[PDB]
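Below is entry22.txt, which holds compact mmCIF, N, CA and C atoms.
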# COMPACT_ATOMS: atom_id res chain seq x y z
N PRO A 1 -69.23 -32.54 -62.34
CA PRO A 1 -69.17 -33.43 -61.17
C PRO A 1 -67.73 -33.86 -60.90
N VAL A 2 -67.51 -34.64 -59.88
CA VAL A 2 -66.12 -35.09 -59.57
C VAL A 2 -66.17 -36.48 -58.94
N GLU A 3 -65.09 -37.21 -59.01
CA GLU A 3 -65.08 -38.58 -58.42
C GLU A 3 -65.13 -38.48 -56.89
N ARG A 4 -64.15 -37.88 -56.28
CA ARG A 4 -64.15 -37.76 -54.80
C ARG A 4 -63.57 -36.41 -54.38
N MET A 5 -64.28 -35.35 -54.64
CA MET A 5 -63.80 -33.98 -54.26
C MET A 5 -62.27 -33.91 -54.30
N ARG A 6 -61.70 -33.95 -55.48
CA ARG A 6 -60.22 -33.88 -55.58
C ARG A 6 -59.73 -32.58 -54.93
N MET A 7 -58.45 -32.41 -54.81
CA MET A 7 -57.92 -31.17 -54.19
C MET A 7 -58.23 -29.97 -55.10
N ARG A 8 -58.28 -30.20 -56.39
CA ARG A 8 -58.57 -29.08 -57.34
C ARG A 8 -59.94 -28.46 -57.03
N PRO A 9 -60.96 -29.28 -57.09
CA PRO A 9 -62.34 -28.83 -56.83
C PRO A 9 -62.51 -28.51 -55.34
N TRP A 10 -61.72 -29.11 -54.50
CA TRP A 10 -61.83 -28.81 -53.05
C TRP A 10 -61.35 -27.37 -52.81
N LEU A 11 -60.35 -26.95 -53.55
CA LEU A 11 -59.84 -25.57 -53.39
C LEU A 11 -60.79 -24.61 -54.11
N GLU A 12 -61.31 -25.02 -55.23
CA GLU A 12 -62.26 -24.13 -55.97
C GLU A 12 -63.52 -23.95 -55.12
N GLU A 13 -63.84 -24.94 -54.32
CA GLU A 13 -65.05 -24.84 -53.46
C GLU A 13 -64.74 -23.98 -52.23
N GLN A 14 -63.63 -24.22 -51.59
CA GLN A 14 -63.27 -23.40 -50.39
C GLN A 14 -63.22 -21.93 -50.78
N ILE A 15 -62.50 -21.62 -51.82
CA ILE A 15 -62.39 -20.20 -52.26
C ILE A 15 -63.75 -19.70 -52.75
N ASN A 16 -64.37 -20.43 -53.64
CA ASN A 16 -65.70 -19.98 -54.17
C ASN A 16 -66.62 -19.60 -53.01
N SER A 17 -66.58 -20.35 -51.94
CA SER A 17 -67.46 -20.04 -50.78
C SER A 17 -66.78 -19.01 -49.87
N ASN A 18 -65.49 -18.89 -49.95
CA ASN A 18 -64.77 -17.90 -49.10
C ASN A 18 -64.70 -18.42 -47.66
N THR A 19 -63.85 -19.37 -47.41
CA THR A 19 -63.74 -19.91 -46.02
C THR A 19 -62.88 -18.96 -45.19
N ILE A 20 -61.98 -18.25 -45.82
CA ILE A 20 -61.12 -17.29 -45.06
C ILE A 20 -60.95 -16.02 -45.90
N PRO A 21 -60.98 -14.88 -45.25
CA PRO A 21 -60.84 -13.57 -45.92
C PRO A 21 -59.38 -13.33 -46.31
N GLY A 22 -58.52 -14.28 -46.07
CA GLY A 22 -57.09 -14.11 -46.45
C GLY A 22 -56.79 -15.00 -47.66
N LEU A 23 -57.66 -15.93 -47.95
CA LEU A 23 -57.45 -16.82 -49.12
C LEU A 23 -58.58 -16.56 -50.12
N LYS A 24 -58.28 -16.35 -51.38
CA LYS A 24 -59.40 -16.10 -52.34
C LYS A 24 -58.89 -15.94 -53.78
N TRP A 25 -59.79 -15.70 -54.70
CA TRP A 25 -59.39 -15.52 -56.13
C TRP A 25 -59.01 -14.06 -56.39
N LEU A 26 -57.79 -13.79 -56.76
CA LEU A 26 -57.47 -12.37 -57.08
C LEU A 26 -57.99 -12.12 -58.49
N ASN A 27 -58.13 -13.18 -59.24
CA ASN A 27 -58.65 -13.09 -60.63
C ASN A 27 -59.17 -14.47 -61.02
N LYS A 28 -60.27 -14.89 -60.43
CA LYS A 28 -60.81 -16.24 -60.75
C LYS A 28 -61.09 -16.35 -62.25
N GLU A 29 -61.11 -15.24 -62.95
CA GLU A 29 -61.36 -15.30 -64.41
C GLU A 29 -60.26 -16.16 -65.04
N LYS A 30 -59.04 -15.96 -64.63
CA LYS A 30 -57.92 -16.77 -65.18
C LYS A 30 -57.53 -17.84 -64.14
N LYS A 31 -58.39 -18.06 -63.18
CA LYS A 31 -58.11 -19.08 -62.13
C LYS A 31 -56.90 -18.66 -61.29
N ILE A 32 -56.85 -17.44 -60.83
CA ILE A 32 -55.69 -17.01 -59.99
C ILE A 32 -56.14 -16.83 -58.54
N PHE A 33 -55.55 -17.55 -57.63
CA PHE A 33 -55.97 -17.40 -56.20
C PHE A 33 -54.74 -17.19 -55.31
N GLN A 34 -54.86 -16.35 -54.32
CA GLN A 34 -53.72 -16.12 -53.40
C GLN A 34 -54.11 -16.56 -51.99
N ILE A 35 -53.16 -17.07 -51.26
CA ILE A 35 -53.44 -17.51 -49.87
C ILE A 35 -52.58 -16.65 -48.94
N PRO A 36 -53.02 -16.48 -47.71
CA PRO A 36 -52.29 -15.69 -46.70
C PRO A 36 -51.18 -16.52 -46.05
N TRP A 37 -51.43 -17.78 -45.78
CA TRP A 37 -50.37 -18.64 -45.17
C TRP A 37 -50.07 -18.20 -43.74
N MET A 38 -48.84 -18.29 -43.32
CA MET A 38 -48.50 -17.89 -41.93
C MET A 38 -47.79 -16.54 -41.93
N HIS A 39 -48.21 -15.64 -41.08
CA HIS A 39 -47.57 -14.30 -41.01
C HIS A 39 -47.31 -13.96 -39.54
N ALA A 40 -47.45 -14.91 -38.66
CA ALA A 40 -47.21 -14.64 -37.22
C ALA A 40 -46.52 -15.85 -36.57
N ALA A 41 -47.26 -16.88 -36.26
CA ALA A 41 -46.64 -18.08 -35.62
C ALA A 41 -45.53 -18.63 -36.52
N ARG A 42 -44.40 -18.95 -35.96
CA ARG A 42 -43.30 -19.50 -36.79
C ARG A 42 -43.87 -20.59 -37.70
N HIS A 43 -44.92 -21.25 -37.29
CA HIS A 43 -45.52 -22.32 -38.14
C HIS A 43 -47.00 -22.50 -37.80
N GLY A 44 -47.29 -22.99 -36.63
CA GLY A 44 -48.72 -23.20 -36.25
C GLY A 44 -49.01 -22.50 -34.91
N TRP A 45 -49.37 -23.26 -33.91
CA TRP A 45 -49.68 -22.66 -32.57
C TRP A 45 -50.46 -21.36 -32.70
N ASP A 46 -51.18 -21.20 -33.78
CA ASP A 46 -51.99 -19.95 -34.00
C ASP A 46 -52.06 -19.65 -35.49
N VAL A 47 -53.00 -20.23 -36.18
CA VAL A 47 -53.11 -19.97 -37.63
C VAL A 47 -54.58 -19.82 -38.01
N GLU A 48 -55.28 -18.94 -37.35
CA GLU A 48 -56.73 -18.73 -37.66
C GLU A 48 -56.90 -18.55 -39.17
N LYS A 49 -55.88 -18.10 -39.84
CA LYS A 49 -55.98 -17.91 -41.32
C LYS A 49 -56.23 -19.27 -41.97
N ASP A 50 -55.42 -20.23 -41.64
CA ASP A 50 -55.59 -21.58 -42.23
C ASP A 50 -55.93 -22.57 -41.11
N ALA A 51 -56.60 -22.11 -40.09
CA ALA A 51 -56.95 -23.00 -38.95
C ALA A 51 -58.16 -23.90 -39.28
N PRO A 52 -59.17 -23.36 -39.92
CA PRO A 52 -60.37 -24.14 -40.27
C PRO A 52 -60.06 -25.08 -41.44
N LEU A 53 -58.93 -24.89 -42.06
CA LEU A 53 -58.53 -25.78 -43.19
C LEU A 53 -57.69 -26.89 -42.60
N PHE A 54 -56.58 -26.48 -42.06
CA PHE A 54 -55.63 -27.41 -41.42
C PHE A 54 -56.40 -28.54 -40.72
N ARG A 55 -57.59 -28.27 -40.25
CA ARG A 55 -58.37 -29.34 -39.57
C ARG A 55 -59.04 -30.21 -40.63
N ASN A 56 -59.71 -29.61 -41.58
CA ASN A 56 -60.36 -30.43 -42.63
C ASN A 56 -59.34 -31.46 -43.14
N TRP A 57 -58.07 -31.17 -43.00
CA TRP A 57 -57.03 -32.15 -43.44
C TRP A 57 -57.38 -33.51 -42.84
N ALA A 58 -56.59 -34.51 -43.10
CA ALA A 58 -56.89 -35.85 -42.52
C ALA A 58 -58.31 -36.26 -42.93
N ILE A 59 -59.28 -35.91 -42.14
CA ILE A 59 -60.69 -36.28 -42.49
C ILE A 59 -60.98 -35.90 -43.94
N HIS A 60 -60.24 -34.98 -44.49
CA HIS A 60 -60.49 -34.57 -45.91
C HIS A 60 -59.64 -35.43 -46.86
N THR A 61 -58.42 -35.04 -47.09
CA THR A 61 -57.54 -35.82 -48.01
C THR A 61 -57.76 -37.32 -47.81
N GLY A 62 -57.77 -37.77 -46.59
CA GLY A 62 -57.98 -39.22 -46.34
C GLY A 62 -56.73 -39.83 -45.71
N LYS A 63 -56.26 -39.27 -44.63
CA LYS A 63 -55.04 -39.82 -43.98
C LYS A 63 -55.32 -40.05 -42.49
N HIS A 64 -56.53 -39.81 -42.06
CA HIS A 64 -56.86 -40.01 -40.62
C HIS A 64 -58.37 -39.89 -40.40
N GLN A 65 -58.83 -40.31 -39.26
CA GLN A 65 -60.29 -40.23 -38.96
C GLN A 65 -60.47 -40.15 -37.44
N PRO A 66 -61.20 -39.15 -36.99
CA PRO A 66 -61.44 -38.95 -35.55
C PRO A 66 -62.47 -39.97 -35.04
N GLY A 67 -62.27 -40.48 -33.86
CA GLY A 67 -63.23 -41.48 -33.32
C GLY A 67 -62.75 -42.89 -33.68
N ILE A 68 -61.57 -42.99 -34.24
CA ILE A 68 -61.04 -44.33 -34.62
C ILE A 68 -59.55 -44.40 -34.28
N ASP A 69 -58.80 -43.39 -34.63
CA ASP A 69 -57.34 -43.40 -34.33
C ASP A 69 -56.94 -42.07 -33.69
N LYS A 70 -55.67 -41.87 -33.45
CA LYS A 70 -55.22 -40.60 -32.82
C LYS A 70 -54.95 -39.55 -33.91
N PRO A 71 -55.26 -38.32 -33.61
CA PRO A 71 -55.06 -37.20 -34.55
C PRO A 71 -53.59 -36.76 -34.58
N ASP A 72 -53.13 -36.30 -35.71
CA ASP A 72 -51.72 -35.84 -35.83
C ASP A 72 -51.66 -34.66 -36.80
N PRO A 73 -51.60 -33.47 -36.26
CA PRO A 73 -51.55 -32.23 -37.06
C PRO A 73 -50.15 -31.99 -37.64
N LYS A 74 -49.15 -32.65 -37.11
CA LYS A 74 -47.77 -32.44 -37.63
C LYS A 74 -47.73 -32.72 -39.13
N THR A 75 -48.13 -33.90 -39.53
CA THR A 75 -48.11 -34.25 -40.99
C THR A 75 -49.18 -33.44 -41.73
N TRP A 76 -50.29 -33.17 -41.10
CA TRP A 76 -51.36 -32.39 -41.77
C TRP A 76 -50.78 -31.11 -42.37
N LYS A 77 -49.96 -30.42 -41.63
CA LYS A 77 -49.37 -29.15 -42.15
C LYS A 77 -48.45 -29.45 -43.34
N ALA A 78 -47.83 -30.59 -43.36
CA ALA A 78 -46.92 -30.93 -44.49
C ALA A 78 -47.74 -31.15 -45.77
N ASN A 79 -48.98 -31.52 -45.63
CA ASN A 79 -49.83 -31.75 -46.84
C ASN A 79 -50.08 -30.43 -47.56
N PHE A 80 -50.55 -29.43 -46.86
CA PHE A 80 -50.82 -28.12 -47.52
C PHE A 80 -49.63 -27.73 -48.40
N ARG A 81 -48.43 -27.85 -47.89
CA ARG A 81 -47.24 -27.47 -48.70
C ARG A 81 -47.25 -28.25 -50.02
N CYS A 82 -47.54 -29.52 -49.97
CA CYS A 82 -47.57 -30.32 -51.23
C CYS A 82 -48.67 -29.78 -52.14
N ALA A 83 -49.75 -29.33 -51.57
CA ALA A 83 -50.87 -28.78 -52.39
C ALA A 83 -50.30 -27.76 -53.37
N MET A 84 -49.17 -27.20 -53.07
CA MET A 84 -48.57 -26.21 -53.99
C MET A 84 -47.66 -26.93 -54.98
N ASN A 85 -47.00 -27.97 -54.54
CA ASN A 85 -46.11 -28.72 -55.46
C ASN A 85 -46.98 -29.61 -56.37
N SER A 86 -48.27 -29.54 -56.22
CA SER A 86 -49.17 -30.38 -57.08
C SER A 86 -49.72 -29.52 -58.21
N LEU A 87 -50.82 -29.94 -58.79
CA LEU A 87 -51.46 -29.17 -59.91
C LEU A 87 -50.37 -28.44 -60.74
N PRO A 88 -50.07 -28.97 -61.90
CA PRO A 88 -49.03 -28.41 -62.79
C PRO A 88 -49.46 -27.10 -63.46
N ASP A 89 -50.30 -26.33 -62.83
CA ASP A 89 -50.72 -25.03 -63.43
C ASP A 89 -50.67 -23.94 -62.36
N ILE A 90 -50.27 -24.28 -61.15
CA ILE A 90 -50.22 -23.26 -60.07
C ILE A 90 -48.90 -22.48 -60.13
N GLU A 91 -48.93 -21.22 -59.80
CA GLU A 91 -47.68 -20.41 -59.82
C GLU A 91 -47.60 -19.59 -58.53
N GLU A 92 -46.91 -20.10 -57.54
CA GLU A 92 -46.79 -19.36 -56.25
C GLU A 92 -46.20 -17.97 -56.50
N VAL A 93 -46.82 -16.96 -55.97
CA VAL A 93 -46.30 -15.58 -56.16
C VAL A 93 -46.46 -14.80 -54.85
N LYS A 94 -45.48 -14.87 -53.99
CA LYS A 94 -45.58 -14.13 -52.69
C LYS A 94 -45.13 -12.68 -52.85
N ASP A 95 -45.22 -12.16 -54.03
CA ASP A 95 -44.79 -10.76 -54.27
C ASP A 95 -43.31 -10.61 -53.92
N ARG A 96 -42.63 -9.69 -54.56
CA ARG A 96 -41.19 -9.49 -54.27
C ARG A 96 -40.96 -8.09 -53.71
N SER A 97 -40.96 -7.10 -54.55
CA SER A 97 -40.74 -5.71 -54.07
C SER A 97 -41.68 -4.75 -54.81
N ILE A 98 -42.92 -5.12 -54.96
CA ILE A 98 -43.88 -4.24 -55.67
C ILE A 98 -45.23 -4.28 -54.96
N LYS A 99 -45.84 -5.43 -54.90
CA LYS A 99 -47.16 -5.54 -54.22
C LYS A 99 -46.93 -5.88 -52.75
N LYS A 100 -46.40 -4.96 -51.99
CA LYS A 100 -46.14 -5.25 -50.55
C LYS A 100 -46.79 -4.16 -49.69
N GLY A 101 -48.09 -4.20 -49.56
CA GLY A 101 -48.79 -3.18 -48.74
C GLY A 101 -48.59 -3.49 -47.25
N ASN A 102 -49.16 -4.56 -46.78
CA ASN A 102 -49.01 -4.91 -45.34
C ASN A 102 -49.46 -6.36 -45.11
N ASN A 103 -49.33 -7.20 -46.10
CA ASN A 103 -49.76 -8.61 -45.94
C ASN A 103 -48.86 -9.52 -46.78
N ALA A 104 -48.82 -9.31 -48.07
CA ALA A 104 -47.96 -10.16 -48.94
C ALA A 104 -48.36 -11.63 -48.78
N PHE A 105 -49.33 -12.07 -49.53
CA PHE A 105 -49.77 -13.49 -49.43
C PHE A 105 -49.14 -14.31 -50.55
N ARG A 106 -49.13 -15.61 -50.41
CA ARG A 106 -48.56 -16.47 -51.48
C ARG A 106 -49.60 -16.56 -52.60
N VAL A 107 -49.58 -15.60 -53.49
CA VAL A 107 -50.55 -15.56 -54.61
C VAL A 107 -50.26 -16.68 -55.61
N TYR A 108 -51.01 -17.74 -55.56
CA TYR A 108 -50.79 -18.86 -56.51
C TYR A 108 -51.62 -18.62 -57.77
N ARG A 109 -51.02 -18.77 -58.92
CA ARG A 109 -51.77 -18.54 -60.18
C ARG A 109 -52.03 -19.89 -60.86
N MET A 110 -53.27 -20.20 -61.12
CA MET A 110 -53.60 -21.49 -61.78
C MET A 110 -53.94 -21.25 -63.25
N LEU A 111 -53.30 -21.95 -64.14
CA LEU A 111 -53.58 -21.76 -65.59
C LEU A 111 -54.83 -22.56 -65.98
N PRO A 112 -55.66 -21.96 -66.80
CA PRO A 112 -56.91 -22.60 -67.27
C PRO A 112 -56.61 -23.62 -68.36
I need this file expressed as structure tokens, please.
Amino acid sequence: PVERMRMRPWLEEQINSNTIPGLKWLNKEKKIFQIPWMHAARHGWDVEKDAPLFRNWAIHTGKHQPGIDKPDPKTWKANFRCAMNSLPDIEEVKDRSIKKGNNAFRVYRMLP
């Protein structure tokens, strides 16, 4: 169980269910998951890869609520970045010059 769907279990749930075909476990056995991130829009204005997530932000983490205040996606995108600077077991791996077929995602490795 969990106290309030922390980001750890929130990511294990998103991936376990497969919310996006670009984000998933490359080796969930050792807790290794890679994300696609942005590969087209300089930043947003089109991120179907992380579009259904970027929204869960605010209403999720707990920094905003629709139907009460105004929405602000600017800071929401800054949160995802911290999601990588968090959990002291993640290892961002966007491949260098070996695993570069035609996507190259930020493969984050989580230690068990």
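CA of residue 78 (chain A) is positioned 10.8 Å from CA of residue 43 (chain A).
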Compile the contact shell of residue 112 (chain A) as a PDB file with N, CA and C atoms, in the frame of the given file: residues with an atom at most 7 Å away, counting only N, CA and C atoms, same-chain residues fewer than 3 positions apart removed.
ATOM      1  N   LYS A  30     -59.040 -15.960 -64.630  1.00  0.00           N
ATOM      2  CA  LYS A  30     -57.920 -16.770 -65.180  1.00  0.00           C
ATOM      3  C   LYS A  30     -57.530 -17.840 -64.140  1.00  0.00           C
ATOM      4  N   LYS A  31     -58.390 -18.060 -63.180  1.00  0.00           N
ATOM      5  CA  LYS A  31     -58.110 -19.080 -62.130  1.00  0.00           C
ATOM      6  C   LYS A  31     -56.900 -18.660 -61.290  1.00  0.00           C
ATOM      7  N   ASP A  89     -50.300 -26.330 -62.830  1.00  0.00           N
ATOM      8  CA  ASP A  89     -50.720 -25.030 -63.430  1.00  0.00           C
ATOM      9  C   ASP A  89     -50.670 -23.940 -62.360  1.00  0.00           C
TER      10      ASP A  89
END
Can I get the residues of region 37-112 of chain A within 12 Å of region 7-27 of chain A, each with the closest pair of atoms and their distance in Å to one decimal, using only C-alpha atoms, sorted chain first then ascending number, as JSON lines?
{"residue": "A:37", "atom": "CA", "partner": "A:22", "partner_atom": "CA", "distance": 8.2}
{"residue": "A:38", "atom": "CA", "partner": "A:22", "partner_atom": "CA", "distance": 10.4}
{"residue": "A:39", "atom": "CA", "partner": "A:22", "partner_atom": "CA", "distance": 11.0}
{"residue": "A:47", "atom": "CA", "partner": "A:20", "partner_atom": "CA", "distance": 11.2}
{"residue": "A:48", "atom": "CA", "partner": "A:20", "partner_atom": "CA", "distance": 8.7}
{"residue": "A:49", "atom": "CA", "partner": "A:20", "partner_atom": "CA", "distance": 6.4}
{"residue": "A:50", "atom": "CA", "partner": "A:20", "partner_atom": "CA", "distance": 7.5}
{"residue": "A:51", "atom": "CA", "partner": "A:20", "partner_atom": "CA", "distance": 9.3}
{"residue": "A:52", "atom": "CA", "partner": "A:19", "partner_atom": "CA", "distance": 7.9}
{"residue": "A:53", "atom": "CA", "partner": "A:19", "partner_atom": "CA", "distance": 8.3}
{"residue": "A:54", "atom": "CA", "partner": "A:19", "partner_atom": "CA", "distance": 12.0}
{"residue": "A:56", "atom": "CA", "partner": "A:10", "partner_atom": "CA", "distance": 10.6}
{"residue": "A:57", "atom": "CA", "partner": "A:7", "partner_atom": "CA", "distance": 10.8}
{"residue": "A:60", "atom": "CA", "partner": "A:10", "partner_atom": "CA", "distance": 9.3}
{"residue": "A:61", "atom": "CA", "partner": "A:7", "partner_atom": "CA", "distance": 7.7}
{"residue": "A:62", "atom": "CA", "partner": "A:7", "partner_atom": "CA", "distance": 11.2}
{"residue": "A:79", "atom": "CA", "partner": "A:7", "partner_atom": "CA", "distance": 10.9}
{"residue": "A:80", "atom": "CA", "partner": "A:7", "partner_atom": "CA", "distance": 10.2}
{"residue": "A:82", "atom": "CA", "partner": "A:7", "partner_atom": "CA", "distance": 10.8}
{"residue": "A:83", "atom": "CA", "partner": "A:7", "partner_atom": "CA", "distance": 7.7}
{"residue": "A:84", "atom": "CA", "partner": "A:7", "partner_atom": "CA", "distance": 10.6}
{"residue": "A:86", "atom": "CA", "partner": "A:7", "partner_atom": "CA", "distance": 9.2}
{"residue": "A:87", "atom": "CA", "partner": "A:8", "partner_atom": "CA", "distance": 7.6}
{"residue": "A:88", "atom": "CA", "partner": "A:8", "partner_atom": "CA", "distance": 11.0}
{"residue": "A:89", "atom": "CA", "partner": "A:8", "partner_atom": "CA", "distance": 10.7}
{"residue": "A:90", "atom": "CA", "partner": "A:8", "partner_atom": "CA", "distance": 10.5}
{"residue": "A:93", "atom": "CA", "partner": "A:26", "partner_atom": "CA", "distance": 11.7}
{"residue": "A:103", "atom": "CA", "partner": "A:22", "partner_atom": "CA", "distance": 9.2}
{"residue": "A:104", "atom": "CA", "partner": "A:22", "partner_atom": "CA", "distance": 10.3}
{"residue": "A:105", "atom": "CA", "partner": "A:22", "partner_atom": "CA", "distance": 7.9}
{"residue": "A:106", "atom": "CA", "partner": "A:23", "partner_atom": "CA", "distance": 9.2}
{"residue": "A:107", "atom": "CA", "partner": "A:26", "partner_atom": "CA", "distance": 8.0}
{"residue": "A:108", "atom": "CA", "partner": "A:25", "partner_atom": "CA", "distance": 9.2}
{"residue": "A:109", "atom": "CA", "partner": "A:27", "partner_atom": "CA", "distance": 8.8}
{"residue": "A:110", "atom": "CA", "partner": "A:27", "partner_atom": "CA", "distance": 9.9}
{"residue": "A:111", "atom": "CA", "partner": "A:27", "partner_atom": "CA", "distance": 11.2}
{"residue": "A:112", "atom": "CA", "partner": "A:27", "partner_atom": "CA", "distance": 11.7}
Considering only alpha helix (DSSP H) as DSSP defines it on the backbone, what residues of chain A qualify? List them as a count of residues only.
30
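Atom N of residue 29 (chain A) is found 19.1 Å from CA of residue 99 (chain A).
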Could you please determine the separation between CA of residue 6 (chain A) and CA of residue 68 (chain A) in Å, to one decimal place?
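Distance reported for this atom pair: 23.4 Å.
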Chain A: residues DSSP assigns to strand (DSSP E or B), reported as a PyMOL selection string
chain A and resi 24-27+32-35+66+69+106-109
